[PDB]
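In: Fold the stuff below for me.
(one chain, ligands or ions: 1)
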Amino acid sequence: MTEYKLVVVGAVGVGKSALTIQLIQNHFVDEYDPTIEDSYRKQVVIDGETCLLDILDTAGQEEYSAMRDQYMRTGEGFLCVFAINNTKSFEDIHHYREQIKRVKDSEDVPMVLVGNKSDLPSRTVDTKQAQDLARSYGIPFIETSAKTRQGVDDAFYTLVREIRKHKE
Ligand SMILES: CS(=O)(=O)Cc1nc2ccccc2[nH]1
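Out: Numbers count the residues shown, from 1 in each chain. The structure is reproduced below:
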C-alpha cells in the first residue's frame, strides 16, 4: 500500500468540501464551512493498486501566505479545483501555478485542472476556454460534478497514473 499525498487547493465559493467528502464517505454537503485544515484519507483501487491517499483541504484565505510554502513543499499532487461559475477564479489558477513552480523547483509536474459546479445553470465559463488553454500546457482537462458524482473516481485515478508515470 503505497502512500500518495494530494493537497487540495482552490478558491472561495468552489465547494471543495463537496468534492472531498463525496469521495471519502460519498456524502454531498451543500453547506459551506470555513475550512482551515481538514485531513482526509481514503483507500482506492487505482487500476488494481490499492493504495493510501492522503488528502488535505486547506483554506482559501490569502491571510495564510507563510504557511503556503509549507504544505506546497510536502504535497505530491496539487488538486487545482475551481468553479466555472466565476471567470475570476479561472485567472487565479495562474497565480497558484506560478507559485507552485517556485515551490516545486521543476517544470515537470503531474497536475490537472478540474471544475466543480459544472451542473449549475449559471455556468459563465465554457469548456473550450479551458480546453484551449489546457492544450497549451498539455494537461488533461476533466469536468466532474461532485453533486451528481460523474467520473469522480476516474478523475482521481487519472491523477495517480500521472504521478506513477513521473515516478517510473
Ligand atoms: C492524515 S494527513 O497526513 O495529515 C493528510 C495529508 N494530506 C496531504 C497532502 C499533501 C501533503 C501531506 C498531506 N497530509
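
In: so what secondary structure elements neighbour the helix or strand residue 9 falls within?
Out: Per DSSP states H and E: residue 9 is located in strand 3-10. Secondary-structure packing of strand 3-10 (3 or more CB pairs under 8 Å, 6 or more residues apart in numbering; DSSP states H and E): helix 16-24, strand 49-58, helix 68-74, strand 77-83, helix 152-167. From N, CA and C alone the C-beta is placed, and that goes for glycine too.

In: can you list contacts of the third one?
Out: Under the criterion CB atoms under 8 Å, 6 or more residues apart in numbering, residues 5, 7, 56, 58, 78, 99-100, 103-104 lie in contact with helix 68-74.

In: ok, and for that helix, which residues are buried?
Out: Within helix 68-74, the residues that count as buried by 16 or more other CB atoms under 10 Å are 68, 71-72.

In: Specify which member of these is nearest to the ligand.
Out: Closest approach to the ligand among the buried residues of helix 68-74 (CB to the nearest ligand atom): residue 71, at 6.3 Å.

In: one step back: and of the helices and strands packed on strand 3-10, who's closest to the ligand?
Out: strand 49-58 (3.5 Å).

In: export that closest one as CSV, just CAs?
Out: Provided in CSV are the C-alpha atoms of strand 49-58 (Å, rounded to 0.1, in the frame of the first residue of the first chain):
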residue,chain,number,x,y,z
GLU,A,49,-3.3,-1.0,-6.9
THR,A,50,-5.0,-0.4,-3.6
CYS,A,51,-3.1,2.5,-2.1
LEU,A,52,-3.4,5.1,0.7
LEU,A,53,-4.4,8.6,-0.5
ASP,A,54,-3.7,11.4,1.9
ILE,A,55,-5.7,14.5,1.3
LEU,A,56,-5.5,17.9,3.0
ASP,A,57,-8.2,20.6,2.5
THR,A,58,-6.6,23.9,3.0
